[PDB]
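Undergrad: experimental structure and sequence below, a few questions after.
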Amino acid sequence: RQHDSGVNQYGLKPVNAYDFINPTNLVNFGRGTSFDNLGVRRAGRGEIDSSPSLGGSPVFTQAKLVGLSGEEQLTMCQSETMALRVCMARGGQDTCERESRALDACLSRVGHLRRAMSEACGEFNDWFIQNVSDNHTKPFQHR
Amino acid sequence: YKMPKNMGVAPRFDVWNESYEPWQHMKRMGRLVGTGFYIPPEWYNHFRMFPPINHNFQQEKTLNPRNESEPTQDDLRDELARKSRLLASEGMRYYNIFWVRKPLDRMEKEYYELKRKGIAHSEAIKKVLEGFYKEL
Amino acid sequence: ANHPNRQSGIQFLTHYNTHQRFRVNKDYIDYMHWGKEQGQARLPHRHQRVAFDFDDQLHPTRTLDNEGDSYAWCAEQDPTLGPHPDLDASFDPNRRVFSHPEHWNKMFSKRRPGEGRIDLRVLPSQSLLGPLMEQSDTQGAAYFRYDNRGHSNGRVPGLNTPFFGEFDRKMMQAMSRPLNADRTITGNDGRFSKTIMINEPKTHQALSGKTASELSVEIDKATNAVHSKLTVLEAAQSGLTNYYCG
Amino acid sequence: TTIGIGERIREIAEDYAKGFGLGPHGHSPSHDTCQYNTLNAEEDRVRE
Amino acid sequence: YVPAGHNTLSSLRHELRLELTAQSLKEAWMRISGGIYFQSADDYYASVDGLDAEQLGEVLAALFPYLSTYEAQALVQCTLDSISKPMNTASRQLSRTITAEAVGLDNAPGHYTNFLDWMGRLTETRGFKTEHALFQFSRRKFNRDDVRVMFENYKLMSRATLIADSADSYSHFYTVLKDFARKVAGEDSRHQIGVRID
Amino acid sequence: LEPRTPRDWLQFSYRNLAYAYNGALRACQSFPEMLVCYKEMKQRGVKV
Amino acid sequence: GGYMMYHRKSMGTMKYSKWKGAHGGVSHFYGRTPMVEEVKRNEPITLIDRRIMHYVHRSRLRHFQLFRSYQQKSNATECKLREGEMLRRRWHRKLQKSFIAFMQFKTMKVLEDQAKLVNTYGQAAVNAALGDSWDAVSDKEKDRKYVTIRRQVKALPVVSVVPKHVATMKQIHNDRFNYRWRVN
Amino acid sequence: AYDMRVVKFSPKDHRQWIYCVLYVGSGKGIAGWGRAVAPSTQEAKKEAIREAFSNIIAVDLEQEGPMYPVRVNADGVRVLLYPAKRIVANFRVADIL
Amino acid sequence: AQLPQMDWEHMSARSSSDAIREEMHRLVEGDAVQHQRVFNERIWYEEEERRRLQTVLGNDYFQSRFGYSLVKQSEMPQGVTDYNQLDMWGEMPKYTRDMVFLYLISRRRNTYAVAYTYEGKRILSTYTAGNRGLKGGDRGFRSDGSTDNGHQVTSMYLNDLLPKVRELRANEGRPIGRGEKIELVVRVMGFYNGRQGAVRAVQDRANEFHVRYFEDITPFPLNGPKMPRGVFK
Amino acid sequence: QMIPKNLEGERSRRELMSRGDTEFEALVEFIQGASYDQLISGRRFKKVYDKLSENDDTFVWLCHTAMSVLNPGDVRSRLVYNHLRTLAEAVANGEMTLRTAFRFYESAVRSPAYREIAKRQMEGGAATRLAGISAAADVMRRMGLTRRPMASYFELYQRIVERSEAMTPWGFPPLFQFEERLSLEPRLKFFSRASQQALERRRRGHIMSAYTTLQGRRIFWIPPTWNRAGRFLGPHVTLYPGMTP
Amino acid sequence: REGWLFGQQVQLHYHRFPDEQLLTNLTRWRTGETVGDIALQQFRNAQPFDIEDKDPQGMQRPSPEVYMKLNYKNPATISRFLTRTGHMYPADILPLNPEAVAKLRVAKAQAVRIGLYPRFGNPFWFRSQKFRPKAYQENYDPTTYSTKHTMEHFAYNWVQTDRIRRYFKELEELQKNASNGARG
RNA sequence: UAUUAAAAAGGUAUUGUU
């Protein structure tokens, strides 16, 4: 047809008796409800009620997997620094004499690399939302 | 008491399909149209003559996962490969050329002929590979 | 059921002495680990089920111990036949699958990774202890001819004596209804088809006069029924003959 | 689009344009499998 | 699996091979030109800046004399195309069409390679770039200028030409989006209008 | 495209049209049609 | 009174506190010493321990040694929380594995990008781009590559920092490492 | 029977969502029932009528009644359709039959 | 120019069945499985590493042989193998007589340091993040025993250890005058925060102290009596 | 409300026959916002977008059929082709749902001893998809699902090409796969047109950004009047003008 | 309906059918870019790894010899299943066979009874490391549950793909530099 | 409002912590 069948022009479509006695549920699901996101208690990205849920419990460590903000090593400029025990112990804050060229050479790849890993994790959420997330419709199992 | 966020509108995970099974619409349109006060959809005029298959029960009722319910969605040469990567791909590099006889195939046939002629497993392996390399 | 230990539900289709699967004092179900192979940790394992689906293959027949001749007893068959998928050397339906509450009841401790009444009554040991020490300068029982009794059913056409005829990986002849008082004929009707299987292997399907008089009538009793589109007439050689109709 | 005028027009045009008879390969053109004019090969040939 | 005959640890200091392959050409060239790589024949031709096709065709009809006239040009194009990506031209395309057509119905069971070729045949039509444009329009890769050029191409039409180029039913979408088609398929900005000078 | 509001005037001059007709011809390949594109470049008052 | 050495007042310190036994070589901890590591010559003990502590942290062994040693919880709550952790770990293993099973697809896309570069730029060219040392015909420059790659392969001591241990007011847990309040 | 249920589009904003039940039937065989929730009387009526024409049901009236006791269980209401000599059921249920 | 026809005495080298063999041998060596899609530099490094370093009884016999397929897949050592892989004290401290065994007792709200000698002679009292101040009338209990105060106090402990322990060596009779470090065994009761930097403080003093062995002794509770109730249970 | 006009005879057919290429006329109406007396409007663009995405249902379906149905018989055989034609024909024209129609497809009757014929032709069961997609393009070009023919094939082809990049690019969670109660946002639909329009926004708000919610060059559908308008002047005024010819 | 591995609702794969790389790459194929395509060859049918547990709860670990060498006088083979402190690795972590766990608890707590294993610790740790499978250093066991490892590898091989791309774009920069420097 | 490249949370109240 021309529209999706899980919504009506007034909200979500009531299916069972619960929906018909409590029709708040059809038009309100958190401080981030929007008429496009109706009922779907995952709503947009970044807004409230957006987290994908893996079998009931919701997901909030999406970067903490890739290693952004979880276990930040990235090693590309890190090995460079740890190497330069001269320009690590100098006034540690110059384009100092020689090695701060190589420090920024490593970091130039760090930047592109972490942009690629971040886009990876963005596509990861946008995949795991398709083909794993129950959308919080199944009961918790983390307890 | 924290219940699952979207739980309230969850679907009944076992009986959410059954509304949609083609047999339900066959049973439910057969009478709607038998009444004589209805103009059957064009799909009924057809899937009446070709009713769906009988035994494609959903796994949600046949509580058996190992059961190949649907006939459509159904599903040695390991070493003939690990010994020659040209033997594998000889019709299948870009898209399995599924109508030309294949070297992996004829080497399986050769293998069995040899092992019934009585050559041990390992030696039929070598003789198959050497006969392939030769014909190459 | 929302009580714990009642989630197992009503399983009439088990084998147990109850229908209330939560009252069966026998096989307490491990809930976290099972289910990889059977659906849910409730349902019985696919090696103990008493009711079989359509496209799902039912149990395999435990062959004789050595399992050299389970392919030699299809020497009558097409030369190149593979191992039969419905045959098994070690199919035991009293094989207790491992449960964590049954055999590793961690209830009475801190559940600290080392504690637990691990019961080694169920799993076949992996130790070299056994195959090292229980090695003998004599031979094995299969040579000693220790074993009386052979096969429990006596003389089975796939394991003891050679299998003649065709294999029946369905049950199209097993679920066959006798259309004759002497049972020389058996029947198997679908909805629009009718399968008439001469059941007479002890005489190589050689029809007696009486049996042919009964068959002349069951054949046309089926090819005159109104819901008969096709009549598959054939021989139900139970593994005892290669003959269609002598 | 159209609530069915074009539907029933296409359908009458179809049933009046359906070809019947055996063709040079041994099948009514709507036999289950034996396709004719595959990729317009018959008008290809008749041009060429 | 590592494909057949494709050597992995092959270097340049590894001696040069003999097989006329795309890989062989590309690695020999890596030795030869040092670092020049062209995204097509026409990147090389924009680098050469005015050397036409015949301007190398004659060079090679001379360089190796047992070659015939057009065959010299062919060696030209082929070494280009083999150190590049093969070219999109009505020449190669009419070759493919005329040839597959003289080839005819095939012996793959379900006319399979014929259907592969025909799914290719209509993939390089205008209608494909027309619909590719319509699809991109549904995605908003464009800007105000694009909108305006579309509008004005519509304006330049007439009643008669609308009535005409509607009978193809994609013709008019191309008449309108024609500049947008050339954009979405053409990785180039004809427009960098430097500075107004009054 | 001509200017129809004094905004397009700001991105507009014939001497700039020159660099662009040159894009036209440098990308053009045959002289029988460089003929018509040069005909237009001279007919629209492009400051050659 | 008599405390186990994992109790808070283990080695009391005051006028009256007494520690039993000798403490040299063979100490009271002769059979109670978990992790000794012989120092290599000159190696930094700020590395030996900055590795020991990370291992005994990832192995959540310090989790437990802090936890059970402070407040002897109810077996019910100890089970509750330990089971809770086995279960939440069993959950996040589901997530980690979806991530891994995705990143291997992403990595296959990386390697297939590699094989588009390889089939437009040539495999040996690609090897040079990776550093296939063709212009270096000199075993000396080969030795230079040798040495740099081996000084890099013998990765220097990586100093993994162990997140600090937090003390909230009544010390609701001494598994506390960040200021999240946990389910007690 | 119409009703009224308060709908809370927000903590501060509440609407009166009238909730209709209705059954669109013709004893010629075909009858569905739809219940709806919508802010207004006529809009809830229309919504329920479209839900009913979605839930349309028919009946093989060749037997002009059930020929065996149908003991069903709707959403909490244990129903039993049985054969009688004549329609013997509630005023409402009887007008439905 | 480079005419094709000229180079021939090489172009029949191919169609000679001698080079057919010498190149089909290569093609066969190549058809095998390979686990390197491009030129890996660490694979090249591994190759060159060993390049630098280096600078019949048929089936019947083993059929009667019993322990064969056990020694085939055995993971235990085969042939004459070491005893440093069996002896109890392999990876164990080989102490001396003349060593100071310095304890780092880092508790939760205070982290003190002590030393003893191999006989258990206390060389000085328990220098404490409360005994040197740092603990009372301060920013709070939250930093009662963090890394900074522990480092400060172990630095103060070494401050006295150096003169004290050289005094004891003169007292017993080892005229260990100069250049010879103090042989230190660092016994660390830890997992807290006052140990993480205290280790740095003992490391700053390797220019006087050769730390021999570095061990942690944090007793673990297997089954020991109650610990004082917390707030919840 | 998406209420289609209830048709009639001559009069509705006059209004309906004199329609002409609605997709184009929508485009005309969208661009004409580039003329002097009009502005290019998102409402016009969205009427264009829906007049072009009208056949979303049939397209997402037939793509699912071609590419998610391991071993779909011989689709080029007129039997399964007729199953396909009749199902997709009733997937458009709304008489069937996507989910139920797909079940009708994967359940229609094909050939006896189906697994046994399959395990002879297919190793892992999942056949070649070219017969399938050729069948589906034939489907939508025999049924005039599109006014401009090449469009059918193009969408059928490109949606498939785009999905070919995803991880598990050919599995669909049966719930979200087609219509049901709870669905996915159209950027995340499977063979949909927005899945390539996948992006997001980027915001640097003023110190005072929520207050000025009208001050910018904002299009007003509902114009402010002094009763709600505190000091706002209008979307045309410019207090800080730059000199220019 | 959930899968077992982590709870997926689909069948984890990369390519199903024989064509789906060809159909994806058709126009390249009709212009003839897919005759030499090794990007359509290496990865025409690359399917994901055995990202699962072949024997989850560890019925096959250890190896049969290890049992017979798991006795009380065998701290050497004990300590190759205990933590650096003597702790067992929890069953979620090092899934052992139940018989192994039984023999191991009794073997450790009998060796500790007769004082032939340290009442706390792991005396055979580094010797034991040779048997314990060093995994997250260089080799990528695709069935790991560490995702930091997988991301190192996705980077490092994406590092190298970007390295091909960098080397060749800077060579093209060099070429356009040599253009004006050699002809003018 | 429990430091993700902004993201997960309860009510005995039913305009609902005055």
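TA: The structure has been received and is ready for your questions. Residues are numbered from 1 along each chain as shown, chains lettered A, B, ... in the order given.

Undergrad: need the longest strand for chain G.
TA: If you go by DSSP state E, chain G has its longest strand at strand G:35-38.

Undergrad: what's the burial count for residue C:16?
TA: Residues within reach of residue C:16, counting by other C-beta atoms under 10 Å in any protein chain shown, total 17. In short, each C-beta sits where N, CA and C put it, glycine included.

Undergrad: so stretch J:63-72, near chain B or not?
TA: Yes - Stretch J:63-72 lies within reach of chain B by C-beta under 8 Å from any C-beta of the partner chain, at J:69-72.

Undergrad: surely residue H:29 meets residue B:35?
TA: Yes - at 3.8 Å, residue H:29 counts as touching residue B:35 under the criterion of C-beta atoms under 8 Å.

Undergrad: count the neighbours of residue C:24 for me.
TA: 17.

Undergrad: nearest spatial neighbour of it, skipping sequence neighbours?
TA: Nearest non-adjacent residue to residue C:24, counting by C-beta to C-beta, 6 or more residues apart in numbering or on different chains: residue C:16, 4.2 Å away.

Undergrad: the residue of chain E at minimum distance from chain G: which element?
TA: The nearest approach of chain E to chain G comes at residue E:26, 3.0 Å away (C-beta to the nearest C-beta). Take DSSP states H and E as the rule and residue E:26 turns out to sit in helix E:22-32.

Undergrad: ok, residue H:43 next?
TA: Here residue H:43 is covered by helix H:41-54, with elements defined by DSSP H and E.

Undergrad: so what's the residue lying farthest from the centre of chain A up against?
TA: Using C-alpha atoms, centre = their mean, the residue of chain A lying farthest from its centre is residue A:97. It sits 40.3 Å away. Listed by C-beta atoms under 8 Å, 6 or more residues apart in numbering or on different chains, the contact set of residue A:97 reads residue A:87.

Undergrad: regarding it, what is its secondary structure?
TA: Under DSSP: H, G, I helix; E, B strand; the rest coil, the three-state class of residue A:97 is coil.

Undergrad: could you do the one 3 residues further on as well?
TA: Using three-state DSSP, the structure places residue A:100 in helix.

Undergrad: for it, what are its contacts?
TA: Applying C-beta under 8 Å, 6+ apart, the residues contacting residue A:100 are A:87, A:94.

Undergrad: residue A:109 versus that one, what's the distance?
TA: The spacing between residue A:100 and residue A:109, counted by C-beta to C-beta, to the nearest Å, is 15 Å.

Undergrad: same thing with residue I:167?
TA: The gap separating residue I:167 from residue A:109 is 57 Å, by C-beta to C-beta.

Undergrad: kindly report the same for residue G:152.
TA: 16 Å.

Undergrad: okay, the two: which has more neighbours?
TA: Shown here are residue G:152 and residue A:109; by other C-beta under 10 Å, residue A:109 has more neighbours (17 against 14).

Undergrad: burial of the residue in chain I that chain A sits nearest to, as a residue count?
TA: Per C-beta to the nearest C-beta, residue I:204 is where chain I lies closest to chain A, at 14.2 Å. As a burial measure, residue I:204 scores 15 neighbours (other C-beta under 10 Å).

Undergrad: wait, what's in contact with it?
TA: Per C-beta under 8 Å, 6+ apart, neighbours of residue I:204: residue I:155.

Undergrad: strands of chain I, start to end?
TA: Using DSSP E, strands in chain I cover I:100-106, I:111-117, I:124-127, I:182-189, I:209-216.

Undergrad: so what strands line up beside the third one?
TA: Pointing back at strand I:124-127 there. strand I:111-117 (antiparallel) (DSSP bridges).

Undergrad: related to what we said a few turns ago, wait, which of the strands of chain I is closest to residue C:83?
TA: Among these, the nearest to residue C:83 by C-beta to C-beta is strand I:209-216 (58.2 Å).

Undergrad: and the closest one, does that touch chain K?
TA: No - using C-beta under 8 Å from any C-beta, strand I:209-216 never reaches chain K; the gap is at least 9.0 Å.

Undergrad: show me what that strand is packed against.
TA: Under the contact criterion of 3 or more C-beta pairs under 8 Å, 6 or more residues apart in numbering or on different chains; DSSP states H and E, strand I:209-216 touches strand G:35-38, helix G:45-58, strand I:182-189.

Undergrad: I'd like those written out as JSON lines, with mean neighbour count and distance to residue I:68 added.
TA: As requested, those are exported to JSON lines (neighbours: other C-beta atoms under 10 Å in any protein chain shown; distance: least, C-beta to C-beta, whole Å):
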{"stretch": "strand G:35-38", "mean neighbour count": "20", "distance to residue I:68": "40"}
{"stretch": "helix G:45-58", "mean neighbour count": "20", "distance to residue I:68": "40"}
{"stretch": "strand I:182-189", "mean neighbour count": "24", "distance to residue I:68": "49"}
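
Undergrad: most distant residue from the centre of chain I?
TA: residue I:5 (67.7 Å).

Undergrad: tell me which residues touch that residue, please.
TA: Applying C-beta under 8 Å, 6+ apart, the residues contacting residue I:5 are residue E:66.

Undergrad: coming back round to it: shared neighbours, residue H:29 and residue B:35?
TA: H:58-59, H:61.

Undergrad: relative to helix E:22-32, how tilted is the lengthiest helix in chain K?
TA: Criterion DSSP state H: the longest helix present in chain K is helix K:147-182. Using axes from the mean of the first three to the mean of the last three C-alpha atoms, to 10 degrees, the direction of helix K:147-182 lies 50 degrees away from that of helix E:22-32.

Undergrad: other SSEs contacting helix K:147-182?
TA: For helix K:147-182, the packing partners by 3+ C-beta pairs under 8 Å, 6+ apart are helix A:63-66, helix A:99-131, helix G:75-121, helix G:123-130.

Undergrad: and it, anywhere near RNA strand L?
TA: No - shown here: helix K:147-182 not in contact with RNA strand L (C-beta under 7 Å from any atom of the strand), separated by at least 12.2 Å.

Undergrad: centre of the chain to that helix, how far?
TA: Between the centre of helix K:147-182 and the centre of its chain there are 27 Å (C-alpha atoms, centre = their mean, to the nearest Å).

Undergrad: residue in chain H nearest to chain D?
TA: For chain H, C-beta to the nearest C-beta, closest residue to chain D: residue H:53, 17.0 Å.

Undergrad: in contact with residue J:139, which residues?
TA: By C-beta under 8 Å, 6+ apart, the contact list for residue J:139 reads J:62, J:81, J:84-85, J:88.

Undergrad: find the residue closest to the most centrally placed residue in chain H in space, skipping its chain neighbours.
TA: Centroid-nearest residue in chain H: residue H:33, 3.3 Å away (criterion: C-alpha atoms, centre = their mean). Excluding the flanking residues, the one nearest residue H:33 by C-beta to C-beta, 6+ apart is residue H:23, at 3.8 Å.

Undergrad: where does residue J:38 fall, helix, sheet strand or coil?
TA: Recorded secondary structure, residue J:38: coil (three-state DSSP).

Undergrad: and the gap between it and residue J:31?
TA: 10 Å.

Undergrad: quick check on those two: which one has the bigger neighbour count.
TA: Set residue J:38 next to residue J:31 and count neighbours by other C-beta under 10 Å: residue J:31 wins out with 25 against 12.

Undergrad: which elements pack onto the host helix or strand of residue J:160?
TA: If you go by DSSP H and E, residue J:160 is part of helix J:149-163. Here helix J:149-163 touches helix E:126-137, helix J:57-68, helix J:130-142, helix K:20-24, going by 3+ C-beta pairs under 8 Å, 6+ apart.

Undergrad: recalculate using a threshold of 10 Å.
TA: helix E:126-137, helix J:57-68, helix J:130-142, helix K:20-24, helix K:26-31 (3 or more C-beta pairs under 10 Å, 6 or more residues apart in numbering or on different chains; DSSP states H and E).

Undergrad: which residues sit against the shortest one?
TA: Spelled out, that is helix K:20-24. With contact meaning C-beta atoms under 10 Å, 6 or more residues apart in numbering or on different chains, helix K:20-24 is reached by B:94-96, E:116, E:119, G:112, J:66-67, J:126, J:128-130, J:133, J:157, J:160-165, J:169-170, K:14-15, K:17, K:28-29, K:34, K:37, K:39-41, K:43-46.
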